[PDB]
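So the sequences go chain by chain: A and B.
Residue numbers for the first sequence follow UniProt numbering, so the first one is 379 and each next one is one higher.
Residue numbers for the second sequence follow UniProt numbering, so the first one is 895 and each next one is one higher.
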Amino acid sequence: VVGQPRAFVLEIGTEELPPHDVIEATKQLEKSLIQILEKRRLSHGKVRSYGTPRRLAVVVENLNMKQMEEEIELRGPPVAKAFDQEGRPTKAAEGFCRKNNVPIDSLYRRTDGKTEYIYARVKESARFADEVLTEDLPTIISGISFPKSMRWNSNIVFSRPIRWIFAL
Amino acid sequence: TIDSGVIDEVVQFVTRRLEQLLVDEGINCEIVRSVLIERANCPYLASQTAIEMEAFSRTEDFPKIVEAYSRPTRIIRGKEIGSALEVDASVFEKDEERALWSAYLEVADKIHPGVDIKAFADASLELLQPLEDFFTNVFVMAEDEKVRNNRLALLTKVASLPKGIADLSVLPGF
RNA sequence: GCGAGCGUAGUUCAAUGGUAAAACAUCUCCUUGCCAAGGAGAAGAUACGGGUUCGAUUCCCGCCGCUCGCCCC
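As structure tokens, this is what we get:
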């Protein structure tokens, strides 16, 4: 069910970090995070990051509970290739239809380039704006890099051991 | 004992660092890249020449001089038979080439390797006008060996004036 | 040996599961003849091999060579 945009807090509580790594990490995190939600068509507000020798917090305000369910026009094969002079459309048209699960009548012609185009309208599969973060955060956290690193109980590279994660 | 290659290597390294320093205050890369291939000996001279030539390049007349000075340069490459001799006043053709040679002799007095660029274009502007008439009315095509050699030598010595001030190859206008 | 990054006209570079784009250099030509200056065209390419799909410069794997750490020093 749809609600209202509420705050989003991410904290990675580690042990003591060098004075010349908090500055780098608090930027590498926020700059790369204000991009993923744009990739996943999320709507945020004022994003700000904070650093401390024991935590690297990022606060994003007014994050919606849903994605923007909108239709997008794809770009299929050239019209000449997919449609013959006479008869039924060639194998490319049916392959496109069965790939995107759309009726044949939905195809329309728009003029661009030498061969004009073949175009179709498809949905975007709006999720619940929480599974996306669940599946994406393990990459945004692990995308940080440092000049020096170590391991404590696994094969994960980080500047200092991580002791807790507070993602709300 | 150190061979003579190490000193050249060090000079090249210092020149490459000087270029990096000079491109740090907003100087165009193609300008310093052209100045430093000829003024790399004294760093202060290079720094005071490349900081001023860029400022002069906005006089709206800079492309005119760039086009004219080295329009002759692109024919030099190829045949080198004309480098054997120099100019003379015996086999000279109609008064167009004589006027161009006189203008060249007049302008060569103010151009020496110890000059700066302040009066460079102001003295080179007078040479441009006879150049068009020359290239349009002499037919520098090599039909006679003597006249071809003489014309090639005259053209090379005309185009060799900036040898000592700056080069016009890495020039953007080209 | 052990990791990463790579590979597109001669050089520099565009894009994404689908008829390969642009500058520059070369060439063919139209201006009065040779360079400059205006125009038109031509040719020019995905390092290599395989797999799947109707179809990959794009996804997976093998190899070639380059660049950087580590190994050695």
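We put the CB at the ideal spot given by N, CA and C, even for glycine.
With distances taken between CA atoms, residue 1027 of chain B lies nearest to B:992 out of B:907, B:992 and B:951. Looking at the DSSP output, residue 434 of chain A bridges to A:429. As for any alpha helix (DSSP H) of minimum length 4 sitting wholly inside the UniProt domain "DALR anticodon binding" (961 to 1054) of chain B, the runs are 967 to 970, 989 to 1002, 1014 to 1018, 1022 to 1031 and 1039 to 1053, ordered along the chain. Residue state for residue 473 of chain A is assigned as helix, using DSSP reduced to three classes. Fewer than three beta-carbon pairs drawn from the segment 491 to 507 of chain A and the segment 521 to 537 of chain A are found closer than 8 Å, and the two stretches are therefore not classed as touching.
Taking the Cα positions, residue 938 of chain B is about 24 Å away from residue 1017 of chain B. Distance check between residue 456 of chain A and each of A:509, A:465, A:469 and A:449 places A:469 closest, using alpha-carbon atoms only.
In the DSSP assignment, the residues bridged to residue 486 of chain A are A:497. As DSSP reads the structure, residue 926 of chain B sits in no beta bridge. Of all C-beta pairs linking the segment 1044 to 1059 of chain B to the segment 966 to 983 of chain B, three or more are shorter than 8 Å, placing the two stretches in contact. Beta-bridge annotation (DSSP): residue 391 of chain A is paired with A:542. By the beta-carbon neighbour count (other beta carbons within 10 angstroms, threshold 16), residue 943 of chain B is buried.
The C-beta of residue 428 of chain A has fewer than 16 other C-beta atoms within 10 Å across all chains shown, which makes the residue exposed. Judged by beta-carbon spacing, residue 443 of chain A lies within the 7 Å limit of residue 381 of chain A, meaning their Cβ atoms are closer than that value. It is roughly 12 Å from the alpha-carbon of residue 387 of chain A to the alpha-carbon of residue 515 of chain A.
Here the segment 1024 to 1039 of chain B makes contact with the segment 989 to 1006 of chain B; the two share three or more CB pairs at distances below 8 Å.
Leaving aside the five residues that flank residue 976 of chain B on each side, the residues in its chain whose CB is nearer than 6 Å to its CB run, in chain order, 1043, 1046 and 1047.
Your pair residue 960 of chain B and residue 1067 of chain B checks out as a contact, with CB atoms roughly 4 Å apart and the cut at 8 Å. Comparing alpha carbon positions, the residue from A:390, A:421 and A:397 closest to residue 383 of chain A is A:421. Excluding sequence positions up to five before and after residue 392 of chain A, its CB lies within less than 8 Å of the CB of 432, 433, 434, 536, 537, 538, 539, 540 and 541, all in the same chain and listed in chain order.
Per DSSP, residue 907 of chain B is one residue of the alpha helix (DSSP H) stretching across 898 to 916. Here the C-alpha atom of residue 506 of chain A lies approximately 21 Å from the C-alpha atom of residue 544 of chain A.
Note that the C-beta distance between residue 499 of chain A and residue 451 of chain A is below 7 Å. In this model, residue 479 of chain A and residue 461 of chain A are separated by some 18 Å (Cα to Cα). Selection B:930, B:946, B:1058 and B:1013 evaluated against residue 910 of chain B yields B:930 as nearest (Cα-Cα).
By the Cβ-count criterion, residue 454 of chain A is buried, with 16 or more other Cβ atoms from all chains shown falling within 10 Å of its own Cβ.
Residue B:985 holds the alpha-carbon nearest to the alpha-carbon of residue 1038 of chain B among B:1008, B:985, B:1031 and B:946. By the Cβ neighbour-count rule, residue 963 of chain B is buried, with 16 or more other Cβ atoms within 10 Å of its own. Secondary structure at residue 531 of chain A: coil, using DSSP grouped into helix, strand and coil. Residue state for residue 420 of chain A is assigned as coil, using DSSP reduced to three classes. Within its own chain, the residues whose Cβ lies closer than 7 Å to the Cβ of residue 917 of chain B, once the five positions on either side in sequence are excluded, are 923 and 926, listed in chain order. Rounded to the nearest angstrom, the Cβ distance from residue 1014 of chain B to residue 1059 of chain B is 6 Å, consistent with a contact under 8 Å.
Going by C-alpha positions, residue 899 of chain B is about 46 Å away from residue 406 of chain A. The distance from the Cβ of residue 439 of chain A to that of residue 424 of chain A is about 5 Å, consistent with a contact at the 8 Å cut-off. Annotation for residue 514 of chain A: the continuous alpha helix (DSSP H) segment containing it runs 509 to 520.
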